[PDB]
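Trainee: In the entry's author numbering, the protein residues as written are 3 to 89.
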RNA sequence: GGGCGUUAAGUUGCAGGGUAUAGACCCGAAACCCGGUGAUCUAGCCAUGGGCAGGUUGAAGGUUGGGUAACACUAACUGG
Ligand SMILES: [Mg+2]
Ligand SMILES: [Mg+2]
Ligand SMILES: [Mg+2]
Ligand SMILES: [Mg+2]
Ligand SMILES: [Mg+2]
């Protein structure tokens, strides 16, 4: 992912624009990467070697979302509403 | 010597018997060729119009909500 894009996401989701390790920041980065690779996997359908990384990112995002939902539901709902997710 | 002849009158008309060529005592074919008439029936094609009551199952597809990182998949409705 682009360094400028990562910096923009960190500034948008974090507090001091330097934590860059919060659950919301990680989920946003994973979602952005998945959405960017959506167009890559819509053409190269025989790229399972890179699709495994996408699946790993999906699993990591799901685990982070479950942890956020278990810890603070208020932040989880706001994050999913902002990112357009459904669960 | 042997074969063919010599030694011995035919021809022209009429009538008739017979033969040949023509259809040839008479009727009767399936069939061949040439020139014409027929697609108002029927076979096909083209152009232009008309007709198929009523009652049935419910395909592709299209929204809705979930189900996927999303395509798939799947529930109802609609669709005809
Ligand atoms: Mg002599
Ligand atoms: Mg005489
Ligand atoms: Mg005579
Ligand atoms: Mg005619
Ligand atoms: Mg009818």
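All residues carry an ideal CB built from backbone N, CA and C; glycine is no exception.
Looking at the secondary structure, which residues open and close the alpha helix (DSSP H) in which residue 83 lies?
Mentor: Stepping through the first chain from its first residue, residue 83 is reached at position 81. 75–85 is the extent of the alpha helix (DSSP H) around residue 83.
Trainee: Tell me the rounded alpha-carbon separation between residue 58 and residue 87.
Mentor: Numbered from its first residue, the first chain carries residue 58 at position 56. Numbered from its first residue, the first chain carries residue 87 at position 85. One C-alpha to the other measures close to 18 Å.
Trainee: Quick check: the stretch 40–55 against the stretch 13–21, are at least 3 beta-carbon pairs closer than 8 Å?
Mentor: Result no; under three Cβ-Cβ pairs closer than 8 Å.
Trainee: Is residue 46 helix, strand or coil by DSSP?
Mentor: Counted from its first residue, the first chain places residue 46 at position 44. It is coil, neither helix nor strand.
Trainee: From what residue to what residue does the alpha helix (DSSP H) around residue 19 run?
Mentor: Within the first chain, residue 19 is the residue found at index 17, counting from 1. Segment: none, residue 19 is in no alpha helix (DSSP H) and carries neither H nor E.
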